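**Student:** The structure that follows is given in the form of structure tokens.
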Amino acid sequence: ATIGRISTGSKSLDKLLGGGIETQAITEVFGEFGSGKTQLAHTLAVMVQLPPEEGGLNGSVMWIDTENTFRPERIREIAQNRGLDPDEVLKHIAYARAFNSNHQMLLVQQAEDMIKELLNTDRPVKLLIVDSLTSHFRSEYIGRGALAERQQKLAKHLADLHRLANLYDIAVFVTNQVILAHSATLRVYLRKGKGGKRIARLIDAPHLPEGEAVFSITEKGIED
Amino acid sequence: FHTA
């Protein structure tokens with residue numbers, strides 16, 4: 001089935017992405033603490049709810065948080081400054097905190113129930129965020145022998161996420177704080193320059209744009 | 001999951 005494309009709110013980042021983040025894909029944003037990964041997640045959680053002629057997918061959101069970094073007040077701010085009702089935008093975000101990596105994994109199966117529920121309604125789930133994809137795995141699988149074990153478990157988790165993306169036509173968006181293998185569809189390196197400015201580059205994607213997008217963190221989420 |  002045809003893929004959909006969720007605008008990020010930045011024309012520059014959208015161009016780098018070929019129009020926006022894709023459904024039937026896992027997009028991983030990675031970078032140092034403070035690089036804006038969670039700001040992009042918040043922004044996407046609002047943008048996906050817009051109609052398609054405004055860069056959204058009329059979609060609902062599911063959000064798995066591992067760092068207590070979801071901020072309903074930030075969603076409210078972004079929504080209001082984009083002409084939307086903040087309470088309605090919040091209503092269409094289903095939120096869960098993952099206690100540990102095994103619970104994080106189970107929450108993917110839990111999520112499929114709501115995905116199925118909403119599928120043939122006018123606001124199907126179109127975005128699934130995992131923020132942070134890796135933090136619990138880092139803390140739990142550590143020391144001699146852990147590289148192989150951690151990579152296996154993370155790959156299984158990502159396979160489960162790919163299945164949801166592909167079976168239900170969902171954009172999966174995941175964050176990673178940074179020679180290991182990765183299995184996301186597309187990896188975007190983010191870094192902070194100065195003030196509210198951020199720079200994005202696609203990694204290991206030689207067939208797509210080789211430049212860099214630049215954007216600012218604003219009351220609308222992100223903008224050129 | 002719960003609504004936000």
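**Student:** Within the range A:25-35, does at least one residue satisfy the condition of being touching a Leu at 6+ places or on another chain (Cβ under 7 Å), within 19 Å of A:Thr218 (Cα to Cα) and within 14 Å of chain B (Cβ to nearest Cβ)?
**Tutor:** So far as the range A:25-35 goes, no, none of its residues is touching a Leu at 6+ places or on another chain (Cβ under 7 Å), within 19 Å of A:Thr218 (Cα to Cα) and within 14 Å of chain B (Cβ to nearest Cβ).
**Student:** Which condition does A:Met62 not pass, out of (1) more than 13 Å from the chain's Cα centre (by Cα); (2) within 14 Å of chain B (Cβ to nearest Cβ), if it passes all the others?
**Tutor:** That leaves (1) as the condition not met.
**Student:** Only one of A:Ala45, A:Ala98, A:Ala94, A:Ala111 is within 14 Å of chain B (Cβ to nearest Cβ), under 16 Å from B:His2 (Cβ atoms), of a type outside the set (S, T, N, Q) and touching a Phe, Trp or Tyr at 6+ places or on another chain (Cβ under 6 Å). Can you tell me which?
**Tutor:** A:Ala94
**Student:** Could you check how many residues of the range A:86-119 are aromatic (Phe, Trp, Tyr) and closer than 18 Å to A:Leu154 by Cα?
**Tutor:** The total comes to 1.
Heads up, the Cβs are rebuilt from the backbone with ideal geometry, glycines too, and the neighbour counts pull from every protein chain shown. Where a number appears in this text, it was derived from the coordinates with a stated rule and is not lab data.
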